[PDB]
Structure formats: structure tokens, C-alpha cells
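Structure file work-v1.csv (CSV, C-alpha atoms and all ligand atoms) follows.
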```csv
chain,number,residue,atom,x,y,z
A,1,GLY,CA,-79.1,78.2,154.9
A,2,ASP,CA,-76.5,75.4,154.9
A,3,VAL,CA,-75.8,72.6,157.3
A,4,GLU,CA,-72.2,73.8,157.8
A,5,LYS,CA,-73.4,77.2,158.8
A,6,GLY,CA,-76.1,75.8,161.1
A,7,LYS,CA,-73.6,73.7,163.0
A,8,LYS,CA,-71.5,76.7,163.8
A,9,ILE,CA,-74.6,78.6,164.9
A,10,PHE,CA,-75.5,76.0,167.5
A,11,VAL,CA,-71.9,75.9,168.7
A,12,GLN,CA,-72.1,79.6,170.1
A,13,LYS,CA,-75.8,79.3,170.2
A,14,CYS,CA,-75.8,77.4,173.4
A,15,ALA,CA,-73.9,74.3,172.9
A,16,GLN,CA,-72.3,74.6,176.3
A,17,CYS,CA,-75.7,73.9,177.8
A,18,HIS,CA,-76.0,70.9,175.5
A,19,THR,CA,-72.5,69.7,176.0
A,20,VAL,CA,-70.2,69.1,173.0
A,21,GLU,CA,-69.3,65.8,171.4
A,22,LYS,CA,-70.2,62.6,173.3
A,23,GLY,CA,-67.4,61.9,175.8
A,24,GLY,CA,-67.3,65.0,178.0
A,25,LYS,CA,-69.9,65.8,180.7
A,26,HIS,CA,-73.7,65.6,180.6
A,27,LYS,CA,-75.4,68.9,179.5
A,28,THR,CA,-78.2,70.7,181.2
A,29,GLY,CA,-80.7,69.7,178.5
A,30,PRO,CA,-80.9,67.0,175.8
A,31,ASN,CA,-78.6,68.1,173.0
A,32,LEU,CA,-80.7,66.8,170.2
A,33,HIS,CA,-80.4,63.0,170.1
A,34,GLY,CA,-83.9,61.5,170.2
A,35,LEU,CA,-85.3,65.0,170.0
A,36,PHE,CA,-87.9,64.0,167.4
A,37,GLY,CA,-87.5,60.2,168.0
A,38,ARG,CA,-87.5,59.8,171.8
A,39,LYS,CA,-90.2,60.7,174.3
A,40,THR,CA,-89.2,63.9,176.0
A,41,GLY,CA,-85.6,64.4,177.3
A,42,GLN,CA,-85.4,60.8,178.4
A,43,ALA,CA,-81.8,60.4,177.5
A,44,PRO,CA,-79.6,57.5,178.9
A,45,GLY,CA,-76.8,58.5,181.3
A,46,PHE,CA,-77.9,62.1,180.8
A,47,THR,CA,-79.4,63.9,183.8
A,48,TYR,CA,-82.8,64.9,182.7
A,49,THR,CA,-84.7,67.9,184.2
A,50,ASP,CA,-87.7,67.5,186.5
A,51,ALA,CA,-89.8,67.9,183.3
A,52,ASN,CA,-87.8,65.3,181.3
A,53,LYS,CA,-88.0,62.8,184.2
A,54,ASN,CA,-91.8,63.3,184.0
A,55,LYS,CA,-91.6,62.4,180.3
A,56,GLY,CA,-93.1,65.5,178.8
A,57,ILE,CA,-93.4,65.2,175.0
A,58,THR,CA,-91.4,64.7,171.8
A,59,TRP,CA,-90.2,68.1,170.6
A,60,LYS,CA,-91.2,68.2,166.9
A,61,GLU,CA,-90.5,70.9,164.3
A,62,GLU,CA,-94.0,72.3,164.2
A,63,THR,CA,-94.5,71.9,168.0
A,64,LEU,CA,-91.2,73.7,168.4
A,65,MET,CA,-92.5,76.7,166.4
A,66,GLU,CA,-95.4,77.2,168.9
A,67,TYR,CA,-93.2,76.2,171.9
A,68,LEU,CA,-91.0,79.1,171.0
A,69,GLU,CA,-93.7,81.3,172.5
A,70,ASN,CA,-93.3,80.6,176.3
A,71,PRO,CA,-90.4,78.2,176.9
A,72,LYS,CA,-91.5,78.1,180.6
A,73,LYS,CA,-95.1,77.4,179.6
A,74,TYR,CA,-93.9,74.0,178.1
A,75,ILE,CA,-91.5,73.0,180.9
A,76,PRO,CA,-92.2,75.1,184.0
A,77,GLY,CA,-89.2,75.2,186.4
A,78,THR,CA,-86.6,75.2,183.7
A,79,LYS,CA,-84.6,78.4,183.0
A,80,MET,CA,-82.8,79.1,179.7
A,81,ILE,CA,-79.5,80.8,180.5
A,82,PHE,CA,-77.3,82.1,177.7
A,83,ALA,CA,-78.0,82.4,174.0
A,84,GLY,CA,-75.9,84.5,171.6
A,85,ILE,CA,-78.6,84.0,169.0
A,86,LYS,CA,-82.2,85.4,168.6
A,87,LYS,CA,-82.8,86.2,164.9
A,88,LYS,CA,-85.9,84.2,164.0
A,89,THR,CA,-84.2,83.4,160.7
A,90,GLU,CA,-81.1,82.1,162.6
A,91,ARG,CA,-83.1,79.9,165.0
A,92,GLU,CA,-85.3,78.5,162.3
A,93,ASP,CA,-82.2,77.9,160.1
A,94,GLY,CA,-80.6,75.8,162.8
A,95,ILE,CA,-83.8,73.8,163.1
A,96,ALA,CA,-83.6,72.7,159.5
A,97,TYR,CA,-80.1,71.2,160.1
A,98,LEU,CA,-81.6,69.5,163.2
A,99,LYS,CA,-84.2,67.9,160.9
A,100,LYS,CA,-81.6,66.1,159.0
A,101,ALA,CA,-79.4,65.6,162.1
A,102,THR,CA,-82.2,63.5,163.5
A,103,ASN,CA,-83.1,62.3,160.0
A,104,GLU,CA,-80.9,62.7,156.9
B,1,LIG,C1,-78.5,76.8,179.2
B,1,LIG,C2,-78.9,77.7,180.3
B,1,LIG,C3,-79.2,76.4,177.9
B,1,LIG,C4,-79.3,77.2,176.7
B,1,LIG,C5,-78.6,78.5,176.4
B,1,LIG,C6,-80.0,76.3,175.8
B,1,LIG,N1,-80.4,75.1,176.4
B,1,LIG,FE1,-81.8,73.9,175.7
B,1,LIG,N2,-82.0,73.2,177.5
B,1,LIG,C7,-81.2,73.4,178.6
B,1,LIG,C8,-81.7,72.7,179.8
B,1,LIG,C9,-81.1,72.8,181.2
B,1,LIG,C10,-82.8,72.1,179.4
B,1,LIG,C11,-83.7,71.1,180.2
B,1,LIG,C12,-85.2,71.6,180.2
B,1,LIG,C13,-85.3,72.9,179.4
B,1,LIG,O1,-86.3,73.0,178.7
B,1,LIG,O2,-84.4,73.7,179.5
B,1,LIG,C14,-83.0,72.3,178.0
B,1,LIG,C15,-84.0,71.8,177.2
B,1,LIG,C16,-83.8,71.8,175.8
B,1,LIG,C17,-84.1,70.7,175.0
B,1,LIG,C18,-84.7,69.3,175.4
B,1,LIG,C19,-84.6,68.3,174.3
B,1,LIG,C20,-84.9,66.9,174.9
B,1,LIG,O3,-84.3,66.0,174.5
B,1,LIG,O4,-85.8,66.8,175.7
B,1,LIG,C21,-83.8,71.0,173.7
B,1,LIG,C22,-83.9,70.2,172.5
B,1,LIG,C23,-83.3,72.4,173.8
B,1,LIG,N3,-83.3,72.8,175.2
B,1,LIG,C24,-82.9,73.1,172.7
B,1,LIG,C25,-82.2,74.3,172.8
B,1,LIG,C26,-81.7,75.0,171.7
B,1,LIG,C27,-82.0,74.7,170.2
B,1,LIG,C28,-80.9,76.1,172.2
B,1,LIG,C29,-80.2,77.1,171.4
B,1,LIG,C30,-80.9,77.6,170.1
B,1,LIG,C31,-81.0,75.9,173.6
B,1,LIG,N4,-81.7,74.8,174.0
B,1,LIG,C32,-80.3,76.7,174.5
B,1,LIG,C33,-80.1,74.2,178.6
B,1,LIG,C34,-79.9,75.2,177.7
```

Take the structure in the file and write it out as C-alpha cells.
Amino acid sequence: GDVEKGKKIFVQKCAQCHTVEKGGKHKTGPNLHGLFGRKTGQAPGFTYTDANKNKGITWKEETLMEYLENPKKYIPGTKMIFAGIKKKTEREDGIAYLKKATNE
């Protein structure tokens, strides 16, 4: 698993829901910035979901592993549309890149 490969994975992955590079339009859910640093989905000019506005919790690596169970159980009311990826190895791989992306 390489960082370069991970970046590409996220791109088809879903990136449309997390908007592209800063400059376009706000995405449906926090891309990643402040994922393991900020509270939960409390971005700036970004339109947070009902859950984010409530200030859920900081999505961590380990917490994400368990959260992978019932996405609706963590943030009820939010639906996840799209996702050309599923392979547990693919998802986990992207997370590694995310670890450095937030720290590295
Ligand atoms: C569109 C229908 C989406 C797809 C496909 C993916 N995400 Fe998303 N995500 C989306 C929305 C509208 C929201 C808000 C609340 C929710 O839980 O859906 C989210 C939420 C997240 C967050 C929140 C992070 C934060 O800063 O609070 C993250 C980090 C997130 N979703 C990650 C993620 C990943 C890794 C995806 C592909 C592997 C993915 N989402 C798909 C919108 C959509």
C-alpha cells in the first residue's frame, strides 16, 4: 500500500461527496481536514450535517474500524450514496494514507 495509490482510490472512492481541492464547492461531508484533530465535522465554511452541527466525535483510526459496522448507527439521518470501493483491504489502505494526511 502506497500513498500515491491511496490518493487515487479516494478520488473514485467518493471524492465527489467530499469535494475536490479547496476552491470548488462544499462537499456533503468533511473531506478529511481535522478528521483526527477537530471535534466532529465542525469544518469552517463547510455545511455540516445535523450530526456534525451537534458535534458528534473525532473520527479516529481505531474508532473508524468499529464505526465501519453501522454507518447509520454512528450518525443517524445521514445516508452514504455512491462508493466504487468496498474491499476491506482497499478501505483500510486508504485510511493509512489518511493517517499521514492528517499527520505526516
Ligand atoms: C456521498 C453520498 C458520500 C460518499 C460516497 C462518502 N461520503 Fe463521507 N460523508 C458524506 C456526507 C454527506 C457526510 C456527512 C455525515 C455522514 O456521516 O455522512 C459524510 C461523513 C463523512 C465524514 C465526516 C468527517 C468529519 O470531518 O466529520 C468522513 C470523514 C467520511 N464521511 C468519510 C468517507 C470516506 C472515507 C468515504 C469513502 C471511502 C466516504 N465518506 C464516502 C458523503 C459521502

field: Close residues to ligand LIG 1 (chain B) using only C-alpha atoms and all ligand atoms, limit 8 Å, as a PyMOL selection string
entry: chain A and resi 10+13-18+27-35+38-43+48-52+57-59+71-72+74-75+78-83+85+91+94-95

query: Just how far from CA of residue 20 (chain A) is CA of residue 87 (chain A), in Å to one decimal?
result: 22.7 Å

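Taking CA of residue 45 (chain A) and CA of residue 21 (chain A) as endpoints, the distance between them is 14.4 Å.
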
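CA of residue 66 (chain A) to CA of residue 8 (chain A) spans 24.4 Å [interatomic distance, one decimal].
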
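Nearest residue to residue 100 (chain A) among A:69, A:44, A:61, A:9 is A:61, counting only C-alpha atoms.
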
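The smallest atom-to-atom distance between residue 63 (chain A) and any of A:98, A:36, A:103, A:12, using only C-alpha atoms, is found for A:36.
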
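Proximity to residue 62 (chain A) was assessed for A:77, A:19, A:92, A:6 counting all atoms listed in the file; the smallest distance is recorded for A:92.
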
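Closest to residue 60 (chain A) among A:99, A:23, A:46, A:86 is A:99, based on only C-alpha atoms.
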